[PDB]
$ cat protein-v8.json   # JSON, C-alpha atoms
[["chain", "number", "residue", "atom", "x", "y", "z"],
["A", 63, "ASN", "CA", 106.43, -18.20, 61.01],
["A", 64, "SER", "CA", 107.13, -21.94, 60.74],
["A", 65, "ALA", "CA", 104.95, -25.00, 60.54],
["A", 66, "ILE", "CA", 106.36, -28.38, 61.50],
["A", 67, "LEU", "CA", 105.06, -30.87, 58.94],
["A", 68, "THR", "CA", 105.81, -34.36, 57.67],
["A", 69, "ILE", "CA", 105.13, -36.95, 55.08],
["A", 70, "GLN", "CA", 103.33, -39.30, 57.52],
["A", 71, "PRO", "CA", 105.30, -42.52, 56.86],
["A", 72, "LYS", "CA", 102.30, -44.94, 56.72],
["A", 73, "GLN", "CA", 100.08, -42.54, 54.70],
["A", 74, "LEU", "CA", 102.18, -42.72, 51.46],
["A", 75, "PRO", "CA", 100.22, -44.70, 48.78],
["A", 76, "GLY", "CA", 103.31, -46.93, 48.59],
["A", 77, "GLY", "CA", 103.33, -50.61, 47.53],
["A", 78, "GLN", "CA", 105.94, -52.23, 45.24],
["A", 79, "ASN", "CA", 107.42, -48.81, 44.14],
["A", 80, "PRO", "CA", 108.18, -45.62, 46.22],
["A", 81, "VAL", "CA", 106.64, -42.17, 45.69],
["A", 82, "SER", "CA", 109.76, -40.19, 44.67],
["A", 83, "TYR", "CA", 108.18, -36.70, 44.58],
["A", 84, "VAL", "CA", 105.62, -34.65, 46.56],
["A", 85, "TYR", "CA", 104.15, -31.21, 46.41],
["A", 86, "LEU", "CA", 104.52, -28.48, 49.01],
["A", 87, "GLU", "CA", 101.72, -26.04, 48.90],
["A", 88, "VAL", "CA", 100.80, -22.85, 50.54],
["A", 89, "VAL", "CA", 97.37, -21.42, 50.45],
["A", 90, "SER", "CA", 97.51, -18.00, 51.89],
["A", 91, "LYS", "CA", 94.71, -15.43, 51.50],
["A", 92, "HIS", "CA", 96.99, -13.80, 48.87],
["A", 93, "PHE", "CA", 98.98, -16.60, 47.13],
["A", 94, "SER", "CA", 99.33, -20.26, 46.32],
["A", 95, "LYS", "CA", 102.08, -22.25, 44.76],
["A", 96, "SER", "CA", 102.94, -25.89, 44.69],
["A", 97, "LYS", "CA", 106.53, -27.03, 44.01],
["A", 98, "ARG", "CA", 107.74, -30.56, 43.37],
["A", 99, "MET", "CA", 109.93, -31.08, 46.42],
["A", 100, "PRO", "CA", 111.72, -34.44, 46.58],
["A", 101, "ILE", "CA", 111.22, -36.82, 49.51],
["A", 102, "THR", "CA", 113.58, -39.39, 50.95],
["A", 103, "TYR", "CA", 112.92, -42.51, 52.96],
["A", 104, "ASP", "CA", 116.39, -41.79, 54.40],
["A", 105, "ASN", "CA", 114.97, -40.39, 57.67],
["A", 106, "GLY", "CA", 116.95, -39.77, 60.85],
["A", 107, "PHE", "CA", 119.98, -41.85, 61.67],
["A", 108, "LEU", "CA", 121.13, -45.30, 62.43],
["A", 109, "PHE", "CA", 124.44, -45.80, 64.19],
["A", 110, "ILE", "CA", 125.72, -49.26, 64.79],
["A", 111, "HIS", "CA", 127.87, -50.25, 67.71],
["A", 112, "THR", "CA", 129.58, -53.57, 67.75],
["A", 113, "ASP", "CA", 130.99, -54.84, 71.09],
["A", 114, "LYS", "CA", 134.32, -55.03, 69.21],
["A", 115, "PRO", "CA", 135.45, -53.78, 65.77],
["A", 116, "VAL", "CA", 137.00, -57.34, 65.34],
["A", 117, "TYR", "CA", 135.99, -60.99, 65.86],
["A", 118, "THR", "CA", 137.34, -64.48, 65.47],
["A", 119, "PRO", "CA", 135.36, -67.55, 64.40],
["A", 120, "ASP", "CA", 133.30, -69.13, 67.23],
["A", 121, "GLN", "CA", 132.17, -65.74, 68.56],
["A", 122, "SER", "CA", 128.90, -63.80, 68.29],
["A", 123, "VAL", "CA", 128.70, -60.27, 66.99],
["B", 50, "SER", "CA", 85.71, 1.36, 49.82],
["B", 51, "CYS", "CA", 85.43, -2.20, 51.21],
["B", 52, "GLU", "CA", 87.45, -4.38, 53.64],
["B", 53, "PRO", "CA", 88.07, -7.63, 51.67],
["B", 54, "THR", "CA", 88.17, -11.24, 52.92],
["B", 55, "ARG", "CA", 89.77, -11.66, 49.45],
["B", 56, "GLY", "CA", 93.56, -11.37, 49.17],
["B", 57, "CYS", "CA", 95.20, -9.28, 46.54],
["B", 58, "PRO", "CA", 96.91, -11.97, 44.41],
["B", 59, "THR", "CA", 100.69, -11.71, 44.52],
["B", 60, "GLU", "CA", 102.46, -11.58, 41.13],
["B", 61, "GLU", "CA", 105.20, -13.99, 40.16],
["B", 62, "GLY", "CA", 108.48, -13.96, 38.19],
["B", 63, "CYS", "CA", 110.54, -16.28, 36.10],
["B", 64, "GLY", "CA", 112.80, -18.70, 38.04],
["B", 65, "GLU", "CA", 115.12, -20.52, 35.58],
["B", 66, "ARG", "CA", 113.89, -18.11, 32.80],
["B", 67, "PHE", "CA", 115.12, -14.51, 32.48],
["B", 68, "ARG", "CA", 112.71, -11.67, 33.47],
["B", 69, "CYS", "CA", 112.21, -8.31, 31.84],
["B", 70, "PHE", "CA", 111.40, -4.96, 33.55],
["B", 71, "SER", "CA", 107.67, -5.50, 32.82],
["B", 72, "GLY", "CA", 107.61, -8.96, 34.51],
["B", 73, "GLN", "CA", 107.25, -11.03, 31.28],
["B", 74, "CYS", "CA", 109.53, -14.11, 31.14],
["B", 75, "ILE", "CA", 111.97, -15.08, 28.34],
["B", 76, "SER", "CA", 114.49, -17.93, 27.78],
["B", 77, "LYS", "CA", 118.13, -17.46, 28.97],
["B", 78, "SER", "CA", 119.20, -18.52, 25.42],
["B", 79, "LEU", "CA", 117.64, -15.13, 24.33],
["B", 80, "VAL", "CA", 119.78, -12.96, 26.69],
["B", 81, "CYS", "CA", 122.32, -11.07, 24.46],
["B", 82, "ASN", "CA", 120.83, -12.66, 21.30],
["B", 83, "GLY", "CA", 121.00, -9.00, 20.04],
["B", 84, "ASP", "CA", 117.40, -8.96, 18.88],
["B", 85, "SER", "CA", 115.04, -7.20, 21.29],
["B", 86, "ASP", "CA", 113.47, -10.36, 22.79],
["B", 87, "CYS", "CA", 111.89, -8.45, 25.72],
["B", 88, "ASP", "CA", 108.98, -6.81, 23.96],
["B", 89, "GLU", "CA", 109.49, -3.18, 25.06],
["B", 90, "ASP", "CA", 112.44, -2.76, 27.43],
["B", 91, "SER", "CA", 115.04, -5.16, 25.92],
["B", 92, "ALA", "CA", 116.71, -5.99, 29.26],
["B", 93, "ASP", "CA", 118.20, -8.97, 27.33],
["B", 94, "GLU", "CA", 120.29, -6.32, 25.45],
["B", 95, "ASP", "CA", 121.48, -4.34, 28.56],
["B", 96, "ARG", "CA", 125.30, -3.90, 28.96],
["B", 97, "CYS", "CA", 126.38, -6.94, 26.91]]
$ encode --input "protein-v8.json" --output "C-alpha coordinates"
Amino acid sequence: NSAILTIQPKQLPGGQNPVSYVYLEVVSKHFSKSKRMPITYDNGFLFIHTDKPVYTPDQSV
Amino acid sequence: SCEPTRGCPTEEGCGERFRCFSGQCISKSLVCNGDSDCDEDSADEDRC
(Lines of atoms letter the chains of each structure in order from A and count residues from 1; the text may use other names and numbers.)
(Lines give C-alpha, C1' and ligand atoms only; values in the text may rest on other atoms or scores of the structure.)
Protein backbone atom coordinates (compact mmCIF):
# COMPACT_ATOMS: atom_id res chain seq x y z
CA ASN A 1 0.00 0.00 0.00
CA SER A 2 0.95 3.69 -0.03
CA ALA A 3 0.02 6.66 2.09
CA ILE A 4 0.43 10.16 0.71
CA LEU A 5 1.83 12.29 3.53
CA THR A 6 3.58 15.61 4.04
CA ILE A 7 5.39 17.84 6.41
CA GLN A 8 2.57 20.44 6.55
CA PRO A 9 4.58 23.59 5.71
CA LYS A 10 3.03 25.91 8.37
CA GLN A 11 3.03 23.23 11.13
CA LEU A 12 6.88 23.05 11.48
CA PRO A 13 7.93 24.65 14.84
CA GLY A 14 10.18 26.90 12.74
CA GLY A 15 11.32 30.43 13.72
CA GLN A 16 14.86 31.81 13.22
CA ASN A 17 16.35 28.32 12.41
CA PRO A 18 14.92 25.43 10.24
CA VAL A 19 14.10 21.90 11.45
CA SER A 20 16.67 19.88 9.44
CA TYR A 21 15.46 16.37 10.41
CA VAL A 22 12.17 14.52 11.02
CA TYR A 23 11.08 11.06 11.94
CA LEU A 24 9.06 8.68 9.81
CA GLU A 25 7.20 6.18 11.84
CA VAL A 26 5.09 3.21 11.26
CA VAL A 27 2.92 1.70 13.88
CA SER A 28 1.59 -1.52 12.58
CA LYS A 29 -0.05 -4.17 14.77
CA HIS A 30 3.29 -6.07 14.44
CA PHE A 31 6.11 -3.46 14.20
CA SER A 32 7.26 0.08 14.76
CA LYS A 33 10.35 1.93 13.74
CA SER A 34 11.24 5.54 13.45
CA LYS A 35 14.09 6.67 11.15
CA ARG A 36 15.63 10.12 10.92
CA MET A 37 14.64 11.06 7.38
CA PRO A 38 15.91 14.45 6.20
CA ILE A 39 13.51 17.16 5.02
CA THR A 40 14.05 19.95 2.52
CA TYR A 41 12.34 23.27 2.10
CA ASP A 42 13.29 22.81 -1.57
CA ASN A 43 9.75 21.80 -2.59
CA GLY A 44 8.43 21.62 -6.14
CA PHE A 45 9.84 23.85 -8.83
CA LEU A 46 10.24 27.39 -9.88
CA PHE A 47 10.96 28.17 -13.51
CA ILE A 48 11.57 31.71 -14.56
CA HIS A 49 10.70 33.09 -17.94
CA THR A 50 12.00 36.43 -19.00
CA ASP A 51 10.37 38.14 -22.03
CA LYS A 52 13.91 38.17 -23.48
CA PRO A 53 17.19 36.52 -22.37
CA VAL A 54 18.79 40.04 -23.00
CA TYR A 55 18.06 43.71 -22.19
CA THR A 56 19.49 47.15 -22.68
CA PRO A 57 19.35 50.02 -20.18
CA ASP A 58 16.01 51.89 -20.15
CA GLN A 59 13.99 48.66 -20.39
CA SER A 60 12.01 46.63 -17.84
CA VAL A 61 12.61 42.97 -17.21
CA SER B 1 -5.70 -21.24 21.30
CA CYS B 2 -6.66 -17.54 21.00
CA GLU B 3 -7.13 -15.03 18.13
CA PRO B 4 -4.93 -12.04 19.16
CA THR B 5 -5.55 -8.31 18.65
CA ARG B 6 -1.81 -8.28 19.56
CA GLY B 7 0.73 -8.52 16.72
CA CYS B 8 3.62 -10.87 16.84
CA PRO B 9 6.56 -8.43 17.06
CA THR B 10 8.80 -8.59 14.00
CA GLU B 11 12.53 -9.11 14.67
CA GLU B 12 15.18 -6.77 13.33
CA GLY B 13 18.75 -6.97 11.96
CA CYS B 14 21.85 -4.88 11.84
CA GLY B 15 21.93 -2.19 9.10
CA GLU B 16 25.44 -0.64 8.95
CA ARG B 17 26.65 -3.40 11.39
CA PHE B 18 27.36 -6.98 10.28
CA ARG B 19 24.86 -9.73 11.31
CA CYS B 20 25.55 -13.28 12.39
CA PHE B 21 23.43 -16.41 11.66
CA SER B 22 21.74 -16.05 15.09
CA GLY B 23 20.67 -12.41 14.42
CA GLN B 24 23.14 -10.75 16.87
CA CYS B 25 24.91 -7.67 15.46
CA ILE B 26 28.70 -7.00 15.34
CA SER B 27 30.93 -4.19 13.98
CA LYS B 28 32.21 -4.43 10.35
CA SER B 29 35.74 -3.79 11.78
CA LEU B 30 35.34 -7.32 13.36
CA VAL B 31 34.64 -9.14 10.02
CA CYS B 32 37.79 -11.23 9.21
CA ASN B 33 39.47 -10.07 12.47
CA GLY B 34 40.26 -13.86 12.76
CA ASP B 35 38.94 -14.12 16.30
CA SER B 36 35.44 -15.62 16.51
CA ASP B 37 33.57 -12.33 17.12
CA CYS B 38 30.15 -13.90 16.39
CA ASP B 39 29.58 -15.81 19.60
CA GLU B 40 28.73 -19.26 18.19
CA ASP B 41 28.67 -19.33 14.39
CA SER B 42 31.66 -17.07 13.48
CA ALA B 43 30.15 -15.80 10.22
CA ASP B 44 32.83 -13.05 10.50
CA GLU B 45 35.37 -15.86 9.76
CA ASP B 46 33.51 -17.42 6.74
CA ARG B 47 35.52 -17.72 3.45
CA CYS B 48 38.05 -14.93 4.14
$ interface_residues --input "protein-v8.json" --of "chain B" --to "chain A" --cutoff "7 Å" --atoms "only C-alpha atoms" --output "VMD selection string"
chain B and resid 55 to 59
$ residues_around --input "protein-v8.json" --residues "region 69-86 of chain A" --least-positions-apart "4" --cutoff "8 Å" --atoms "all atoms listed in the file" --output "ChimeraX atom specification"
/A:95-102
$ write_last_selection --input "protein-v8.json" --atoms "C-alpha atoms" --output "short mmCIF file (atom, residue, chain, number, x, y, z; two decimals), keeping the file's coordinate frame"
data_model
loop_
_atom_site.label_atom_id
_atom_site.label_comp_id
_atom_site.auth_asym_id
_atom_site.auth_seq_id
_atom_site.Cartn_x
_atom_site.Cartn_y
_atom_site.Cartn_z
CA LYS A 95 102.08 -22.25 44.76
CA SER A 96 102.94 -25.89 44.69
CA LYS A 97 106.53 -27.03 44.01
CA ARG A 98 107.74 -30.56 43.37
CA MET A 99 109.93 -31.08 46.42
CA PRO A 100 111.72 -34.44 46.58
CA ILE A 101 111.22 -36.82 49.51
CA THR A 102 113.58 -39.39 50.95
#
$ atom_distance --input "protein-v8.json" --atom1 "CA of residue 71 (chain B)" --atom2 "CA of residue 96 (chain B)"
18.1 Å
$ closest_residue --input "protein-v8.json" --among "B:51, B:88, B:93, B:61" --to "residue 76 (chain B)" --atoms "all atoms listed in the file"
B:93
$ atom_distance --input "protein-v8.json" --atom1 "CA of residue 78 (chain B)" --atom2 "CA of residue 60 (chain B)"
24.0 Å
$ residues_around --input "protein-v8.json" --residues "residue 72 (chain B)" --least-positions-apart "4" --cutoff "10 Å" --atoms "all atoms listed in the file" --output "list in words"
residues 60, 61, 62, 63, 67, 68 and 87 of chain B
$ axis_aligned_box --input "protein-v8.json" --around "region 63-66 of chain B" --padding-each-side "5 Å" --output "JSON"
{"center_x": 112.8, "center_y": -18.4, "center_z": 35.4, "size_x": 14.6, "size_y": 14.2, "size_z": 15.2}
$ closest_residue --input "protein-v8.json" --among "B:70, B:75, B:50, B:65" --to "residue 90 (chain B)" --atoms "only C-alpha atoms"
B:70
$ atom_distance --input "protein-v8.json" --atom1 "CA of residue 65 (chain A)" --atom2 "CA of residue 52 (chain B)"
27.9 Å
$ residues_around --input "protein-v8.json" --residues "residue 114 (chain A)" --least-positions-apart "6" --cutoff "12 Å" --atoms "all atoms listed in the file" --output "PyMOL selection string"
chain A and resi 121-123
